[PDB]
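Asker: Here it is: the structure, laid out below.
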Amino acid sequence: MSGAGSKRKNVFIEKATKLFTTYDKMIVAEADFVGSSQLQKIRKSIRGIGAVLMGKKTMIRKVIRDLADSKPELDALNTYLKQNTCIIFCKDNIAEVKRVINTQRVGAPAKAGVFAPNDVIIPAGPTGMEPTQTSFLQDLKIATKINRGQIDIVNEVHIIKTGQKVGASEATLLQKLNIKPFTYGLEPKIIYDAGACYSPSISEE
Amino acid sequence: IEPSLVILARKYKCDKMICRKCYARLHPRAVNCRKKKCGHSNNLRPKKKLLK
Amino acid sequence: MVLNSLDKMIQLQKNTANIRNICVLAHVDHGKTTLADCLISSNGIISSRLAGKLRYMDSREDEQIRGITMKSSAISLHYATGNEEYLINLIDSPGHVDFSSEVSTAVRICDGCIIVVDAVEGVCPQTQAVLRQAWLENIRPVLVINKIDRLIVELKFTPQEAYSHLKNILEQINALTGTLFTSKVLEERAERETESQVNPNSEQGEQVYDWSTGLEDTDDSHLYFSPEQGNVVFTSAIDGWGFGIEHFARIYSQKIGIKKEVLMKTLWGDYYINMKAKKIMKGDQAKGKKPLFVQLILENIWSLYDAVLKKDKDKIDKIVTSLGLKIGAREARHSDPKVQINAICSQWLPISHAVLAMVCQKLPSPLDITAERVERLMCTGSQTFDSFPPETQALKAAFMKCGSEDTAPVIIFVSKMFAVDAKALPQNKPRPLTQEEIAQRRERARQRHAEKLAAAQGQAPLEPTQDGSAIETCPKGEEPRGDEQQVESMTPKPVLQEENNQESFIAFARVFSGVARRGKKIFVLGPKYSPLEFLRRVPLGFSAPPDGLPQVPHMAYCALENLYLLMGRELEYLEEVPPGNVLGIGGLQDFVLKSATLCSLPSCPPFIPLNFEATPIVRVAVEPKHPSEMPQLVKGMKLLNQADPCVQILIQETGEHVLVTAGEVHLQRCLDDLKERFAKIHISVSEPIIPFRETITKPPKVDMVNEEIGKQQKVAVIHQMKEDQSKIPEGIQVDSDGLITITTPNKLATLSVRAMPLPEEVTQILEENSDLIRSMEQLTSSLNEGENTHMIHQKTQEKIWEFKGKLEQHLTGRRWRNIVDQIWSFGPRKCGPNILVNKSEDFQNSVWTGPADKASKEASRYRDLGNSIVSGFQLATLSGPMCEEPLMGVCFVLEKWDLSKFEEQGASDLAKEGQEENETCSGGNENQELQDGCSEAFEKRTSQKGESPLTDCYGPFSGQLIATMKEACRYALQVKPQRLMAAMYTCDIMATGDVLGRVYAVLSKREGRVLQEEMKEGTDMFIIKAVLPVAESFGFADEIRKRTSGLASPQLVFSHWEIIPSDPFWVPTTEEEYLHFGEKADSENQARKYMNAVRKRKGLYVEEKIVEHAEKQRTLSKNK
Amino acid sequence: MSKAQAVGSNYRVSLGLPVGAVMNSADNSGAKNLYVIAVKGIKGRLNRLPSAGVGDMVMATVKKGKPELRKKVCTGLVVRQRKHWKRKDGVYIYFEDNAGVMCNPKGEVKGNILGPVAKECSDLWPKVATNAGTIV
Amino acid sequence: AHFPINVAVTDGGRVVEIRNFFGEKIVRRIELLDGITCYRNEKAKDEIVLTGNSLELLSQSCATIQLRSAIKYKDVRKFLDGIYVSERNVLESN
Amino acid sequence: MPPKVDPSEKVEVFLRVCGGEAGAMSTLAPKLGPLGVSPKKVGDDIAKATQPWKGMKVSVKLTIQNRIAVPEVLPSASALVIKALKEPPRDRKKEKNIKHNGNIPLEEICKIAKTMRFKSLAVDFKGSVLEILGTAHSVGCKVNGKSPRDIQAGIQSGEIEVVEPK
RNA sequence: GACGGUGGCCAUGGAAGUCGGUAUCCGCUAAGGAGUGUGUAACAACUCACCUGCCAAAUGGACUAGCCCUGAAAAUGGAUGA
C-alpha cells in the first residue's frame, strides 16, 4: 500500500471535503460487498434522487458538516461508519426511502469473491456434464448411474441444505452450479431523515 | 487434483528464488542469499519454470 | 491352427471372389506387435507361436507404450481353414514419420487393410501422411482400437475406463476424419450409445431369448465410427491376446441364450441390463444402471489379474470357468499364475474360427473393392484417372474383375525394394527351381529340422564337453535336442538361407495378376520407354510394339518363373494367385521402373504410375569422392529410382547428380541410401539447399537507356546497391553514380540493358518450363513451330512487331496471342522468364533474327549477327546482381547493341585497343585482312547483301564481343535495386484450439506471416493458412511435434515465391569491385550462400565463362 | 567396450603375456596373427603392463595377416593362455601356446573359432559360445 | 500413479514407511516423534493426515517425511511427485 | 447450451468482430469458432451484406445465434461511425494496411445519435455522453470544436469549458 | 471493492489492458492505468496500481561512516611473540 491507506490524501479529500453531506435526506447503506458492474447501472435511479458521497476517512470531520446543516451527527449514538458502507442522498418520503434501493437490490460478479445465500435456490450453471462425473457427484439431488455418451445433470434447484444465510454459506458448492444467487448487498444500516433515525428495514412502514 | 497437486509440488520446489552466487533456493519472495560465504548477496534470479 | 501345409493352399489359391485380401497396417507401426502375435498363433505352416515369430518380426512393449521402430518384413500367413483360402500375409510397411512420397509409396502395398489409427495423440504429421492414403481408398478398412489390457494390468483401473478410452479414441479419430471429407454429422457418432431395445417386448424378449437385431454398415464404408459387421477389436498382447467385440458377445451368449449380433450392438456403446434374471425394465435407459464391461466379460479378466497378483491356484481356475470357457491342463502341473494364463491364451488364441466369418461378412470379394480404389490414387495421373473416360482401352472391364488378364501378365508398382548385397535368395539353382522341394522344406524347417540343425552344429568338430554325456550319447535329433523346441526353436533355418552364391533379383512391390504359372514369359521394356511415357497423365490409350517409337527398339522376352513378395522367400510354391494380391513381381525381375512397366503386353496404358509429391521439389546437387567411383553414384541412382518414385536419373534437367524428393528428412534418407544399401561408395553431402529467386525491383536511371521507369534514387531497398560495387572497373570512363555499359574498346562495340519486374502469374508458368529446348533453337533444320509461338506470348509479351520496347506491353494489355519467334536466349535455361527485346529491323548488323529462329519474316535478309548475340546474352542472364544464379522474376530488355561504330572516345583504353588490333576505327563494311566478327550469315548462306554492302568480318574480335556483352549486363544488374524473392510453400496446417498460438510462434520465428484462417464446418478443428519459406520448412514437422505433442498437422503446398526482407548479396568475384568491400554479414549471408555447393546443376545450362579477352597475358592490358 | 561380464567376471585375471605378445588369430578371416596393443578394463598403476585377459577383450592389431586387415586397431578376444591358472573348481587349465580371435566391438567373433576355447571365455561372450563346436 | 506412491504406517510405535516411490523397491522407514497419530480418509489413493499436540515436533516429523519422499538426482520439474503438505496450521473443531 | 445439432439450439447473444471482409473477417469469430455442430460459414453473410462500406476493423457487431434466422443488428461504436462516414474503397481491401484519413465530425452529425442507441449504462447521458463521443476514436480528426486523444476538461481545439454543444 | 463507452486504433479467424505496437481520452465513483504481472489459442480468472473495513501509532525511502562479515587460494606443523 504505502500511503494514507494506499496513496496520499490530496486525491480523496477532493471528492470528500468538497462534496458534503449537505442534502434533503440521507440513508447509510452497506453496498461495498457488491460488484461495480450492476451497481453502476442501478446507480441511474440513485443519481436522480441525489448521489453517493464521501470517502469514509472523514467520518469524524462530519461533525463540522452537521453544524452547518440543521441535522445533528449523533441522533441514535452512532457516527454511521462501522463497516464498509456508503451514504445514499435521498429526497424520498419517510416510508418510500426504505424501499428506494430495496426494490432494486441485487448482487453482482465479484473481484475478491463473496458469499451468496443458500436458503434460496441456486440457479442452473453448466448443463450437459459427463455421466461418470454426474455419478461421482452424489451431493447433487438428482444424480444418475452412468447413461450413454452424454447426459444432463438436471438441476434447477439448491444442491445443499436451506438455512445458511449470507456470510456463513458454502462458496465451494456454488462453483458446482456456477451461476449463484445474486440477492445480497445494497441494504440499509440505518434510515436517517434529518433528525429522525429509523431502524434498517427491507420494506416500507 | 493433478493441477491442484502439481501447483503444491511447484510451491515446495520449483517456485523459489536462487542466488546468482551460491545458487541457493531461498523462498518465493526472497531478497538476500542468507549465507555468510555469499554475504547475503541481494541478487536473486527466480528459479526457472518449464512445461517439460 | 497348429497344422497347415502348402499342398492344400496352392489349389484353393487359384480360385477368386472368395479369398478376401486382408492386411496389417498402422500409423507408425503402432499396435503392430498385438496384431502379429495373434496371427502367428493362428497360422499353421509356422507351427503356432511355440515355433513362431520367425521370418523377421520383432515384437516390443516400447512400441505399445508409444514407439515406431519401423521395419520392412513379411511372414507367409496363408490359412487353409474350412473350404477356402485367406491371403492375409503380415505386411509391415515402415513408411515415414513426415509427409512425403515415401509414405505414399511404402503404405500402398495393402489390400483390405486393418488400420491402427491414433496411438495416444492425433492431428499429427505422422497420422496425416501414412494413413492419409489408406482412408482415402475405399477398401473397407476396419476400426482396430488400441490395447485394453494396459488399463487392466499396467495402469490398474477397473473395466469401466475401457468405455472412456474408446470414447477418447473416437474423439481423436473425429479430427482425422475432418481433415478430408466432412465430419459435422460424424461428431454425433463419436460417442458411446445403444438407443435400441428400450421397449418392454425387447427388454425381456431378446435379452432372455435370441431373436435378431441388425449389425450391418451405416452411412460410411471406411473406419469412422462403425462396427463393420462385427470385426471391431480391442487388440492386446502382454501374454498374447486375440479378441474383441465378437469374443465379448460369445461369452454373453453362453450365459443364458442371446444372439451374437444383438450382443455386439449392445457392446459397441453402452447398454444397461439390470441382472435380475436377464430381464430389464425401462427407467434405466434415461437414468442408468451399470454398463456391460464392468458387469461381465472384462470384470472376469480383472478378477483373474487380481488373483494372479495375490497368487491363488484354484481361484484363477474358478474365474476362468466363470468367464465361459475351458480351464485348460496346466492348473496343478506347475505353480501356474501367469503360466496358466499363457496356457489358456494358446487354446483361446486361434481367431480363425471367429474372425474369418466376420471378414467374409464384411467383404464378399476383393473384386468389389478394387473398383473404388482406382480413382483414389494415381492410375492415369493427378489430373485424370482410369475410372474416368480419359485413358480407357480395356481398364474399366479389367479392374472390375481385378488384374489385367486372368492368365497373369504381371505389372509393377513401387513400394521400396529390398536391400541388395545382403539378401540374394532368388537364384537359378535346382532346389528353388523345383517348387515342391522348397515348399516341403518350408513346412519342415519350423521345429522339425531345427533339432537336426542343432545336432549338426554342437557335435561336428568333436568334444564340446570334457568328461561329459554329450560325446557319449552323440545325438542325431533324438532325446536331448527335442527340448528347447517349444519356447523358441533353436537354429530352425527360418527364411531358407543361401546355400549357393548371391545373384540379387530381390523386390518388394505390388502386382495384381491372375493365375500365374512357372516358366511364364514377359515382354521386358527398356531403360527409357517412350510409348509408356506417352500414355500416362493424358487421355491416350494404345498397345503396339517397338517400331522406333521408343529410344531402344527391342524384340526380346524376359522370364518370370514365380510371383513373390519374399514372405516365404526364394522362388515360392504358392504362385497361383487370384485377381488382386499383396505380392509384387517375382521370377528374375526387380525392375519397378518409372518408364517401364513389366508386362506380357509389349506396351499398355500403365495401371499405376509412380507416386505423387506431398511438398513439390526438394533437391541437392551433391558430388561423390575418389575418381573411379564417379559413375558409381549414377548407377546407384538407377536403383534409387526403383526404390523411391522421384530421383533425377531419367531426363536431364538439372544433371544426374541431383536428388528430387518430397519431405523433410526424405532427402537425407536418400543421401544415406547410396552409401549403404545400393552403391557402396561415399559422397560429399551439402545440407544447404534450394537457391532462391533473384528479382530486380526496378530499372536504372538516365545514362545510356532512355526508355525506362524514372530514377533509381534510393539509399537502400534493404541493403545498399550503389556503393557496394561498380563505378571503377569500366566506370572511370562513363557513368558516375553507377554503371550500365562497357568501355573496353571504348565505343567501338558497346551496349546498354534494363531489368524490369514481370507479373507473378506469368513468371510462375515460365519457371514451370512449358517451352522446350528445340522451341528456342534450330527451327530451320527441325520443324517450324506454331502451337508454341502463341503460348510464349501468353506468358512473356514480346514480338518482332513491337518498335516501342517492352514497356508498353508490361503495363497495358496482358494475355495476347502473337508470334514470339526470332529470339536468341529466351531465359537462363532457354525456357525461362527472360527475353531479348527486338525493337528494330536493323541498327547496323545487330539485333534481328536468331541463329536459325524464324517467323517467316525478313526486313531484307535473315542474315544479321546471331552467333555473337546468342552465346553472349546467355551468360548475361546467368550472372545476377551479386554474381552467379539465374535471373528469376524478371523480364530482361536490350536497349541497343551496335557493331560497326565509326565514332569513338579518346582515352588510354582506346589507345591500347588501337595498338592491339591496328584499326583506325571499327567496322564490318570495310576490312584490311585483320580481326574477326562471326555471324549467322556465313553458316546459313555465305555473303550479306541488301541489309549491308559487305558481310561483317571486321570490328572487335568475336570472343571479345561475346565477353563484353556479359560484362555490361552484369554491371547493370549490380547497380539496379534488387530484393530476395524467397522460395515459399504455403502451410495449410490442420490445427486445434489450444495449438494455434504455438504454431504461429514457430512461423514468426522462421519468417513469413499468417494470411487468414478457414474453419472446418461443425468441429473444433480448423485449418490455418500461412506463407513460410522453403529453406525453413525443412525439419518443420519435427519442430511442431517437439513444441507441443504434434497436435498441429503440417502439409506444405507450393504457393509460388514472394519478396521478403533479407540482404540479397554475396561478395563479387571481380577484385576491382571487392575494393568497395561487400560486408561479411550483409553481402555474404548464410541464406545467400546457395551457390558454392548448391549450384552444380546442368542437364540444360549452367555455364560461367571468364570475362574479357584480348590476345595474350602480356598484350591484354598494357596502357589499359 | 563392450562390455558384458558375465555373471561375475568368471573370477581372477590370468595371462599368457601382457602388451607385446603374439597369439594366433584362430579365425577364418585372413588375419594370421594378433599382437596386443593393450587390454580393455585395465585401469592400471605406475609401471605395470596392461595384462592379458583370461577371456577378455583387447586392443589388438594384425601384425602378420591380410594387408587389408593389417594396420588399423582391432578389438579382439583371448581364447587360450599358454601361461596357466587355477579356477573356482580346483583345476589348472593350461595350453600349448597363446591364442585369441579378432572380433566386433560388441564382442562378436567374425567367422568360426578354430581349436579349443576355455569355457570361461564362452560364458563371458555368448557369440563365442555360439560360433564353435569346441568349448573345453 | 505411474508407480503409485504407497505409504504405510504403525501408530504406537509411531513410524511411517514408503514402499513404492518413483519405482523405489525399498522401504523408507522414518520414526515419528512421540505424540503423533496418523489417520487417512483417502479419496483416490491420496492424503495422509498426521495429528499431534506439540506443533514444533509434529511439523518437524512431517517435514522429514516429505524430504524422504524426494529424488536427489535428475530434474525437479521432471517428477512433480512425492509427499507434499497441503494444509498445515490446521486445528480440529472441538 | 450444448452443441449437438445446428441452431436454433444455442440461442444466446454474442459480441462479434464481424464487419470486414479481408482481414477483420476471413471465417467467423474466435468464440463461435471452437464449438461443435453449427454452420461456421453463414457468419460471412452478416458482415458482407449489412456492412459493405461501414466499419471493417474490429467492429462492434451483435448477432443472435439462430443461424439463417438472425436480425443483423448493428449497435456500433465511435470508431465505426467514422468509418461508415468515410468512402468505401479506402475502408475495405485495406485491412492489413493502416489508415488515418478521417476528418469528419462526431460533434454534430453523430452528437444526437449517441443517446438513441445507448440508453442504459454506467455513464450519465446528456452532458456526460457528449464528451465521451467527442473522443473515442483515432481515425477521425473532426473540425475545430472538439478533437480526439487530448484533454476534454480544459483546452480542446477552441472549446475550453467542460461541456458546450458545438 | 478494483466499473463503463470498448472487441479504442492497429497487426488481426484471434490476440479484448497483457505475441507485439501505438495513441493513451473521457463518464460514474471513496474507487479503478485503454493497465504491474501470472495466466488465457485469445477472452476470462486472479494479482497489481487505485479505493474503503478492521487492528490501533507510528511509518517509508535515500545515502553517510564506525566495528563485523563477503571478497580473501599454495605448498614441513604454527604462530596478536606464546
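So you can find residues: chains in the C-alpha cells are A, B, ... in the order shown, residues in each start at 1, and ligands are numbered from 1 in order.
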Hey, what's within 7 Å of residue 5 in chain E if we count only C-alpha atoms (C1' of nucleotides) and toss same-chain stuff fewer than 3 positions away? As a VMD selection string, please?

Answerer: chain E and resid 1 20 to 21

Asker: Give me a file of those residues, with N, CA and C atoms, as a compact mmCIF listing (two decimals), in the first residue's frame.

Answerer:
```
# COMPACT_ATOMS: atom_id res chain seq x y z
N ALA E 1 0.89 -42.03 -9.94
CA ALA E 1 0.17 -43.24 -10.38
C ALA E 1 0.83 -44.07 -11.51
N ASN E 20 6.46 -48.24 -2.54
CA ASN E 20 6.69 -47.78 -3.90
C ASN E 20 6.83 -46.26 -3.88
N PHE E 21 7.87 -45.76 -4.54
CA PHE E 21 8.06 -44.32 -4.71
C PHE E 21 9.02 -44.05 -5.85
```

Asker: Find the residues of chain G that sit at most 10 Å from range 148-151 of chain F; for each, write down the nearest two atoms and how far apart they are in Å, to one decimal. Count only C-alpha atoms (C1' of nucleotides). Sort by chain, then by number going up, and give it as a tab-separated table.

Answerer:
```
residue	atom	partner	partner_atom	distance
G:23	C1'	F:149	CA	7.1
G:24	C1'	F:149	CA	7.4
G:25	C1'	F:149	CA	4.9
G:26	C1'	F:151	CA	8.3
```

Asker: Okay, now the selection with C-alpha atoms (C1' of nucleotides), as a PDB file, in the first residue's frame?

Answerer:
```pdb
ATOM      1  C1'   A G  23      -2.107   6.911 -29.357  1.00  0.00           C
ATOM      2  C1'   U G  24      -3.089   6.657 -24.205  1.00  0.00           C
ATOM      3  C1'   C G  25      -9.350  10.180 -23.918  1.00  0.00           C
ATOM      4  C1'   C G  26     -13.433  10.622 -21.057  1.00  0.00           C
TER       5        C G  26
END
```

Asker: Using only C-alpha atoms, which residues of chain E come within 7 Å of chain B, and what is the closest atom pair for each, with the distance in Å to one decimal? Give it as CSV, sorted by chain and residue number.

Answerer:
```
residue,atom,partner,partner_atom,distance
E:77,CA,B:50,CA,6.9
E:78,CA,B:52,CA,6.9
E:80,CA,B:9,CA,5.9
E:84,CA,B:9,CA,6.6
```

Asker: Got a sec: who's within 7 Å of range 114-124 of chain D, counting only C-alpha atoms (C1' of nucleotides), leaving out chain neighbours fewer than 2 positions off, as a list in words?

Answerer: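 Using only C-alpha atoms (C1' of nucleotides), the neighbours found are residues 4, 5, 6, 10, 26, 27, 55, 79, 80, 112, 126, 128, 129, 134, 135 and 136 of chain D.
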
Asker: Find, counting only C-alpha atoms, the residue in F:119, F:83, F:57, F:67 that gets nearest to chain A.

Answerer: F:119

Asker: With a distance cut-off of 8 Å and only C-alpha atoms (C1' of nucleotides), select the neighbouring residues of residue 44 in chain B, excluding the residue or stretch itself and same-chain residues fewer than 6 positions from it, and output the selection as an MDAnalysis selection string.

Answerer: chainID B and resid 17:20 30:33
